[PDB]
Amino acid sequence: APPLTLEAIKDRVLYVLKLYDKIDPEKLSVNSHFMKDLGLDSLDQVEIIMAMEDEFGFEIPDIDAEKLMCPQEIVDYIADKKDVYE
Amino acid sequence: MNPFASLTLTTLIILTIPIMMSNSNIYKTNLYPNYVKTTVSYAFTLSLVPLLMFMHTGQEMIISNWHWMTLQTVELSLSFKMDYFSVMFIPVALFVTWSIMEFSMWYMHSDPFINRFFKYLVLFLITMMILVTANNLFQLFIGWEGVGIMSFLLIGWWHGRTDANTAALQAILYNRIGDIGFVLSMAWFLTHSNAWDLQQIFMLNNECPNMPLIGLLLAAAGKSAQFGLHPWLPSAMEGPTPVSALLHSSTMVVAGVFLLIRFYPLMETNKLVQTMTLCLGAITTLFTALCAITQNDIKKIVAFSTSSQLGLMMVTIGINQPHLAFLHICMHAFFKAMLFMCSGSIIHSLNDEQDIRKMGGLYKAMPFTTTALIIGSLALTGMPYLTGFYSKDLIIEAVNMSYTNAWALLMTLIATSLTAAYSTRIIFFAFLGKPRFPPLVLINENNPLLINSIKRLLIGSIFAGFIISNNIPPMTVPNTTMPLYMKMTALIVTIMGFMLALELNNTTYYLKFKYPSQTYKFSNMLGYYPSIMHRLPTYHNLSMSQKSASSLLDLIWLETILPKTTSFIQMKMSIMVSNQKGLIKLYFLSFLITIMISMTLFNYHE
Amino acid sequence: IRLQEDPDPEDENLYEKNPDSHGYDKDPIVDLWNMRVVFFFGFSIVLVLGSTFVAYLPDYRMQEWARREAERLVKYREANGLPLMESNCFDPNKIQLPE
Amino acid sequence: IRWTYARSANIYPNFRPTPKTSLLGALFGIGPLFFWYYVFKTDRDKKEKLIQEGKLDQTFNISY
Amino acid sequence: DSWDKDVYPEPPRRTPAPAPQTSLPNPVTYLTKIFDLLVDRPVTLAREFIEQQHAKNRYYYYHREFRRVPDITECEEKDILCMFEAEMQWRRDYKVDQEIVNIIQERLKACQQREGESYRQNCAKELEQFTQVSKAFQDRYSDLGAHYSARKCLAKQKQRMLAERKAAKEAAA
Amino acid sequence: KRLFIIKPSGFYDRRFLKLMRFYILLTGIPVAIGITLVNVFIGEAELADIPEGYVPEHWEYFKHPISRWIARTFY
Amino acid sequence: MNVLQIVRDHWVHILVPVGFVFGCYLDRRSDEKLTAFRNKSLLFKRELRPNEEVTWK
Amino acid sequence: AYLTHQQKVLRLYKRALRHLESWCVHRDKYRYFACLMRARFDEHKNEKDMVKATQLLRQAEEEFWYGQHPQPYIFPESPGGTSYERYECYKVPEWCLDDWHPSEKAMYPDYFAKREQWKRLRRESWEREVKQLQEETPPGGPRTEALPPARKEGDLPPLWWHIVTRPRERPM
Amino acid sequence: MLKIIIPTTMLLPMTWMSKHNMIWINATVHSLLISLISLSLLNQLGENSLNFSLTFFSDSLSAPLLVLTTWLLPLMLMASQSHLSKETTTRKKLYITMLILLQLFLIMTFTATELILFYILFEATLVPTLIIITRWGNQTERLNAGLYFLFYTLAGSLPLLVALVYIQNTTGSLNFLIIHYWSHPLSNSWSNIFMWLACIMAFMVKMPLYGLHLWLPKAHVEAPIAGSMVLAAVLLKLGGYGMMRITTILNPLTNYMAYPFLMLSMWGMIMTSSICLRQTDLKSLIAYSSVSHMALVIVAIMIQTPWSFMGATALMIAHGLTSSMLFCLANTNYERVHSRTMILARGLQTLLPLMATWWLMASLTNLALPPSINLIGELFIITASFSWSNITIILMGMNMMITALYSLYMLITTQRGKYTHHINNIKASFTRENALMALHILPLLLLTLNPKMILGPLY
Ligand SMILES: CCCCCCCCCCCCCCCCCC(=O)O[C@@H](COC(=O)CCCCCCCCCCCCCCC)COP(=O)(O)OC[C@H](O)CO
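From first to last, the protein sequence lines are chains 1U, 1L, 1g, 1m, 1p, 1h, 1f, 1n and 1M. The first sequence begins at 3 in the deposited numbering and counts up by one. The second sequence begins at 1 in the deposited numbering and counts up by one. The third sequence begins at 24 in the deposited numbering and counts up by one. The fourth sequence begins at 65 in the deposited numbering and counts up by one. The fifth sequence begins at 2 in the deposited numbering and counts up by one. The sixth sequence begins at 6 in the deposited numbering and counts up by one. The seventh sequence begins at 1 in the deposited numbering and counts up by one. The eighth sequence begins at 7 in the deposited numbering and counts up by one. The ninth sequence begins at 1 in the deposited numbering and counts up by one.
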């Protein structure tokens, strides 16, 4: 497997939020804090991190699942959990 | 004294060289896997010549080489017996592991200890070809644990994985239960027949080996993972894929079955013992297959399919069919080994994922891997004129065409139908569907190492039984006049099992959802065996060890009865003796008493 | 402070002083010599020639002499036709069993 | 270190002879020993009973 | 031959002459052929070289022979000087008898492979010879204890004709 | 890319393993040569019948030359 | 070559060897008292050689 | 700490759907049943009676404890998965590298030189970061395992060495 | 005879008069040399024991133990020069004096021709071991452990003294040859039982059987490395040697009186091996394993069967060498971690790769994995016991079953698994420790080729 890098993560990350129809593409920002500006319900936040979980193939613990909130921070927690540094 | 005898022995000495070269440490620390693979390849090519000498002539050797040591009337000697069983198991086992060796390079292209890995495989390989080739019971006993301990290390290849050690500990324990039966047969044969060489045991016609055969049976059940002693083999999936593809697929696990084939002449003389052989094989066939069709890991499916096969093998040895059992060993060696590397192909390529619920659509993604699996699946089910037909279709017809237990005979038919059932489950979920793996697809099988290894085993499975059956001398009684209704049963049940399994599998495509049936809650949990029998007895014996035993006896009672009581008695009366008042009046009064008793009362004067 | 004592000394690493330390003592030159002594008079003198000594020890327990008497005895025994080896050992003819 | 102490040394000083400990010690002590004595005694009482009357077969049993 | 044929009776081998009818070549013959000029001959050339070197400087060795000595049934009570010769002679015969059982056991085991599927009935002579020897061996040394001595062997034997003569008296009636 | 892999020092183990292969073989090959050499120089004695008027030497009752020499020199 | 000192620190290496040399001496001295039945056991007693006088030393 | 109710239902929602995925397997079924499972979740979102929400929770997992797949789906890297600490046996602690023989260390000079720098920072940073910890430690011992950052500039966050120098999850 | 004794005692002045730092060297030089000379003794004749004089003789049983003891002597010196380096020269010389004086007594005891002479240094071995356990032992409970070890054997040995002198006043000499040739059938008079009990219990104590085995765990754990091996690799075998010599005049009383000891032993091995399955101390786990193997020998010797005797000696050498290795294993990781708890230092294989291999083959040998001599010993006893009675295989085999679990239990807990994070003092293993380990394991496999050497007089 080729070394997956942070640029690859974010490209794959915002791909799925753009896919998520309640997150319409135009107002997607790397730091788009979900319910403050996208209005995305926290009960669907627990639904998107498992979408991330199948996207990259691993488990996000519940302790930081509710903490995993910002799309940039989505990438941030992805990188260190797989020591993605490049 | 042809080259047969000499070069059939040198075959063994070939595979020992990679071990010796490795210990020098001058050995090539880079291309060692290539070194050993080619070494096994030459050992295979050498192993042909004894075979081609066999079907022509039919001579089987006994090589009583260097005399180890003599025990009065016992002459324990390293002796190799090149029976028809040994003269053909040697090529097929070498051929399979050579195919595995090529596949192993591709699969473990990143393991840092790869050279150690290949060294372990040879040591296992050495331990087995001295197990199959064993003129005396002692060197047969040599392999019986040499293969077991080699399995332990190989299973625990990923040392850090806590479960892998638990599975590794599980494998040796269940094997060790069988060795109790093994040593029991050992003691009886030496005490009564005064030997361990298989020749003297046969000649001394021990036609009432009640305890010996029971001991042999218990040894087989642990090694071949029968009911009561099965779950270690399904739990042996925590080891790496090529490890399971070789040992716990068609080579190591079949050793237990091979034991009775060695002792078949004494086995048939008794009537009582072979009853529970086919009884044990019968129950093993369901429970392994019954749990097979409900698991969701390819490694779990395939292994349970193996244990169902070894369930079927002992059914054959049940009703006086040893030779067909050994035939089934050879066929099982080809297609079953293929299925694991085929599953290993989709595992590694699809990012080491083993949950059967994540594949689908792999038919077009992996044309060769899908092609290999369906041929293997058909071979396992027993499609006519292809591998399994020459053994399983003969067996199912044979066990039906004999005076057997009625329940045992019905047992095989359900297993054969269930044999197709999980076979469809693999082909349906893994291949015939839509993609379910993570979005990044890294599907790949174009590596020549995988292609050459699978194809090498594939062309072997295609013909397989045709060559062996036509070449070996006719050495079983062939039943001829079968009523057509039961002669088709070998094909009816599997075709029937195909229909319902297919209908049940695509019922998942149906939008309806159902809560778990209690039967599914039973079958899917490995048939309820590991949840109880690995938790209840383990807790009691362990709790007995600490609460009782050590604490109760060793550290409390055994130190109180003898040591502490004497110490307490000595101290309690030492203080009263030493506690004196220091007044002469009391001491002198004691002298007056002492004089009085000594003078008269104690009759010292008279 | 209970008693005027010393703190538990730190376990010195033989490697940090001399990285080629052999774990036999502190001083390097004798350490290297201790290597030579243990391996020479260990593996080399005792293990190698000692194994050859015991391997090539002369006839022990008369294992082969007993054999050489066996075939000449058995060949004689079946030459005459009398039983191969008598069930009795001390010839009963000279035994003077009581009553 | 507390666990090792409580499981190695701090047993007998905290041990007190009570009917629960007393019966358990006897049950797991002399109990199995006498039980195995009885089993082997009768088995070794049935074995020779066969061979003095010649009711057992050891025609090829020599290396006892 | 190095060993003796009388001690190890080998029935003549009945090897059939090769008479094939199929036209395609018989491979096995070729494998023996290319083995002969690749392994067998070079081994023989080396072997004939070592044998001629061995015969160049030939040194001899013989077999030690112990003459008969008074055994324990005529050795005087106590008198361990006579017991020593008695015990040593008896123990020497013990090893010889153990080897005698070994010689029979190999012959019995030799029949198994030699007779193949005919083992059950072809060498019933081998079976009875071992049965006769094993039974006689039992009367000689069996159940003598790990501290077996010629005194115990005499003691166990003396019981045998004691019971036998008692049975003889009962049989006479 | 290529990045540093961490691994416990094998030098002491490697040096130690090299020492057996030196010191064991130090007497290994000369002994192995010697055992072979006596087998290509004087061979093995044959079972000769005891000649008349001469009882053998104490060490003579052995066939292998090394066993005879060991008996000659030690026992 | 430091010989005045090399003997001082390496004279201990000779005690055990001469001990073994000494050990054989008592081994080959005590047996003489144990002669007694020299060539007297009828199992091994046999005619003497013309020159040799003691069968086993 | 305080496992508040809203975290519980989210954990209930996450794992139940994971089990639900293990059941439908096929994506269309999984998508369908998740949406209805989603709908029956948020429909009851207006309950001023928090006790009633707990009561509605009490029978929830009980059905789940029946609805649980006996073999749920776990990505292998996670606990229970096939690839759990599979590569643990390869990762070795960094401090062991200090043992390396000088010849072995000479094989990697600049990396070992960079290690020397890391040894240098961790030395003075330890006193700095421990000093920060003591001066801001809450009274009566720490209340939560959470660790404060480096308040001032330049200094490293306290107790950073083992987390930062932790061996990579894929060491080979 | 004297060719081994005098060099051993002459070694004592050498250590006392050697240079300040050469004591370990010069002692190691000739301790290996003594084993070489003892290896020459290993030759045995057909049936007559190799007799030297009235004072000393050797048979096919004493010689394998003799070479084992002399072979051991370098190993304690190798294994001890790590925790005694920071000691004054006199105490080091005094320590070395203890072992060779101890090793001298073992040579004398096994070669003894008279039971009383056997008896005198049978007790004399304790005086150096008591000093070693108490003085240089590194613990607190060593004081009580020394008392337990000393008093237990004395409580059994003194009745033997009264028994042995009784034989002297009733049957003249107690020379092993004369006692064997003039053996008489011991009667079943109620005094003869107590005659039998006294002649047996002395060896029973220093051959730990169930009940009379509580001195072993405290002695083995608390003693230093050298004391642990000598007390576990040769000392326990002193009882074994005693029986083979002394049951010559205990038959047929041994036929009936064997039952209480057989029942205590066969059941004891299952219990003791069960203790191993849940031991917290690594040294204690190895110590209890010695009880199980020795208890297996107890059944072997007490059966009095040719096969049982042969396996008894086979297990006798194998267990001693293996237990010595395992005590080296526990000792080699102890000072690195400075504790004895097994779970404290997990995942040692990742840090120390060779120790994983050494500990691996140590486990297999203790496993009685064929063809290691342990298997030959155990397997021989199984057949001998099975001929004695058919049921015993249930007990016999179950021991092998339990032996598999606990032997691998130390392997998985210590070698395999995740390394513990906090420890950082584990340095790469010294080549001395590695060499000492191969010094143990290699002769074991070398013995596999020639079991006849260690089978015993019954062969
Ligand atoms: C810690 C307690 C002991 C531990 C276990 C030790 C073994 C248990 C048995 C101990 C026996 C010790 C005494 C044995 C000495 C030798 C016995 C012997 O040779 O047999 C004699 C047996 O004779 C005896 O009476 C021996 C003693 C029997 C037991 C009585 C004393 C021993 C028990 C109490 C002392 C030890 C207990 C500890 C006390 C603090 C034969 O003589 P006889 O009586 O046949 O003489 C001829 C004729 O019949 C009349 O004399």
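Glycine included, each C-beta is placed from N, C-alpha and C at the ideal position.
Near-chain 1p residues of the stretch 23-35 of chain 1h (beta-carbon distance less than 8 Å), N- to C-terminal order:
Legend: CB atoms of the stretch 23-35 of chain 1h lying less than 8 Å from CB atoms of chain 1p are not found in any residue.
Assigned exposure category for residue 105 (chain 1n) - 16 Cβ within 10 Å defines buried
Buried is the call here.
Per-residue DSSP class, three states only, for residue 112 (chain 1M):
In the structure shown, residue 112 (chain 1M) sits in a strand (DSSP, three-state: E or B).
Spatially closest choice to residue 39 (chain 1p) from 377 (chain 1L), 16 (chain 1L), 30 (chain 1L) and 7 (chain 1L), by CA coordinates:
Nearest C-alpha to residue 39 (chain 1p): 7 (chain 1L).
8 Å contact criterion, which residue 100 (chain 1n) and residue 171 (chain 1n) should meet: CB distance rounded:
Contact annotation, residue 100 (chain 1n) with residue 171 (chain 1n): C-beta distance approximately 5 Å; criterion of less than 8 Å satisfied.
Is residue 103 (chain 1p) close to chain 1L? Criterion is C-beta to C-beta, closer than 8 Å.
Chain 1L places a beta carbon closer than 8 Å to that of residue 103 (chain 1p), counting this residue as a contact.
By Cβ distance below 7 Å, which residues in the same chain neighbour residue 95 (chain 1p) in space, the five residues on each side in sequence not counted?
Excluding residues within five positions, the ones whose Cβ falls inside 7 Å are 142.
Against chain 1p: residues of the stretch 40-56 of chain 1M by CB proximity under 9 Å
Against chain 1p - using a Cβ distance shorter than 9 Å - the residues of the stretch 40-56 of chain 1M are 46, 47 and 48.
Inter-stretch contact at 8 Å, needing at least 3 Cβ pairs: the stretch 337-354 of chain 1L / the stretch 263-277 of chain 1L
No: the two stretches stay apart, fewer than three of their Cβ pairs being nearer than 8 Å.
Candidates 293 (chain 1M), 80 (chain 1M) and 437 (chain 1M), of which the one nearest residue 138 (chain 1M) by Cα
For the residues 293 (chain 1M), 80 (chain 1M) and 437 (chain 1M), the minimum Cα distance to residue 138 (chain 1M) belongs to 80 (chain 1M).
Just to check, is the beta-carbon of residue 162 (chain 1M) closer than 7 Å to a non-hydrogen atom of ligand 1?
Checking the Cβ of residue 162 (chain 1M) against ligand 1 gives yes.
Quick one: list the residues of chain 1p neighbouring residue 120 (chain 1g), beta-carbon separation under 9 Å, in chain order.
The contacting residues are 159, 162, 163 and 166.
Is any heavy atom of ligand 1 found at a distance shorter than 7 Å from the C-beta of residue 119 (chain 1M)?
Not under cutoff, so the answer is no.
Looking only at C-alpha atoms, which of 89 (chain 1g), 78 (chain 1g), 122 (chain 1g) and 24 (chain 1g) sits nearest to residue 101 (chain 1p)?
When 89 (chain 1g), 78 (chain 1g), 122 (chain 1g) and 24 (chain 1g) are compared, the shortest CA-CA separation from residue 101 (chain 1p) is found for 89 (chain 1g).
Let me confirm a value: residue 591 (chain 1L) is counted as buried when at least 16 other C-beta atoms fall within 10 Å, else exposed. Which label applies?
With fewer than 16 Cβ atoms within 10 Å of its Cβ, residue 591 (chain 1L) is classed as exposed.
First through last residue of the beta strand (DSSP E) which encompasses residue 80 (chain 1L)
For residue 80 (chain 1L), the uninterrupted beta strand (DSSP E) segment begins and ends at 79-82.
Tell me which same chain residues have a C-beta within less than 6 Å of the C-beta of residue 124 (chain 1L), skipping the five on either side of it?
Closer than 6 Å at Cβ, skipping near neighbours: 150.
Contact defined as beta carbons within less than 8 Å: I believe residue 143 (chain 1L) pairs with residue 175 (chain 1L). What is the distance between those atoms, to the nearest angstrom?
Contact check for residue 143 (chain 1L) and residue 175 (chain 1L): beta-carbon distance about 12 Å, past the 8 Å limit, so the pair fails to qualify.
What number of angstroms, rounded off, separates the C-alpha of residue 278 (chain 1M) from the C-alpha of residue 266 (chain 1M)?
Using only the alpha carbons, I get a separation of about 20 Å.
Is the CB-CB distance between residue 264 (chain 1M) and residue 88 (chain 1m) below 8 Å?
Cβ distance not < 8 Å, so residue 264 (chain 1M) and residue 88 (chain 1m) don't count as in contact.
Less than 8 Å between CB atoms is the rule here; does residue 343 (chain 1M) satisfy it with respect to chain 1L?
Taking 8 Å as the CB threshold, residue 343 (chain 1M) stays off the interface with chain 1L.
Since residue 21 (chain 1h) meets chain 1n, which of its residues come closer than 7 Å, beta carbon to beta carbon?
Among the residues of chain 1n, none has a CB under 7 Å from the CB of residue 21 (chain 1h); the nearest is roughly 12 Å distant.
Would the C-beta of residue 194 (chain 1M) count as close to ligand 1, meaning under 7 Å from any of its heavy atoms?
In this structure, residue 194 (chain 1M) has its beta carbon less than 7 Å from a heavy atom of ligand 1.
Locate the beta strand (DSSP E) running through residue 243 (chain 1M), then write down its first and last residues.
Going by DSSP, residue 243 (chain 1M) is part of no beta strand (DSSP E) but of the alpha helix (DSSP H) stretching over 236-246.
Would DSSP call residue 51 (chain 1h) helix, strand or coil?
Here DSSP, grouped into helix, strand and coil, assigns residue 51 (chain 1h) to strand.
Distance, Cα to Cα, residue 522 (chain 1L) vs residue 127 (chain 1L)?
When rounded, the distance between both Cα atoms is 38 Å.
Whole angstroms are fine: how far does the CA of residue 107 (chain 1M) sit from the CA of residue 71 (chain 1M)?
The straight-line gap from Cα to Cα measures roughly 12 Å.
Could you check the C-alpha separation between residue 618 (chain 1L) and residue 444 (chain 1L) for me, to the nearest Å?
This structure does not reach residue 618 (chain 1L), given that chain 1L is present from 1 up to 606, and the question cannot be answered.
Tell me residue 74 (chain 1L)'s beta-bridge partners as DSSP assigns them.
Residue 74 (chain 1L) pairs with 71 (chain 1L).
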